[PDB]
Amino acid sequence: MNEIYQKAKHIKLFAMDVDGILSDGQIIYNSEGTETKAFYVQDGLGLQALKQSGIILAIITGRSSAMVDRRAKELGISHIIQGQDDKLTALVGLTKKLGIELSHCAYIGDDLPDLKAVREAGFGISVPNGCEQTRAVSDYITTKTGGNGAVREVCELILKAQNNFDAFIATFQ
């Protein structure tokens, strides 16, 4: 797992799928027409740390909600692409808007729409409950599951590849 650090070493943009990654994949509705989505605290600190080391954060999700916009604002996720199933076009599109190579993009997803972004990114990540064929195509599969530390895990991972992790920890000791 040192060859993982090799691939995360020059990452400048970290892009995330939402449902199944930042959440546990539950889509929650109520009888007054209200939707709800749940996230994980520790993913929050992790993304703030990552972003803090200079890495830019993006969300690319096929679904569309205000709570994705809310979670994103508070963690400094700056590029928020909702209602877009084509993750690679979306991501290549960001590549060009920021002047950053794909080989310096990290992408985490958990299902078929995520497959090509995961395969084509410089660093491609999936989760234990990701679909088999997205997993098969990724550089890394997290130990922690989605909505339960998977994103935190990757955040620590890239921090450590870029020699930025211990220093962030040291901030709290």
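The numbering used is simple: start at 1 and walk along the sequence shown.
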Next item on the list: May I ask you to compare 147 to 155 and 5 to 13 by their mean CA B factor in the entry and name the higher one?
Entry: 5 to 13
Next item on the list: Could you look up the Cα B-factor of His104 in the entry and say which third of the chain it sits in: lowest, middle or highest?
Entry: highest
Margin query: By the recorded C-alpha temperature factor, relative to the other modelled residues in its chain, which third is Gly122 in?
Written below: highest
Item checked: Third of chain Cα B-factors occupied by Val137 -> highest
Check: With respect to C-alpha B-factor, does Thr36 fall in the lowest, middle or highest third of the chain as deposited?
Finding: lowest
Note to self: Per the entry's values, where does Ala66 land by CA temperature factor relative to the rest of its chain, in the lowest, middle or highest third?
What the structure shows: middle
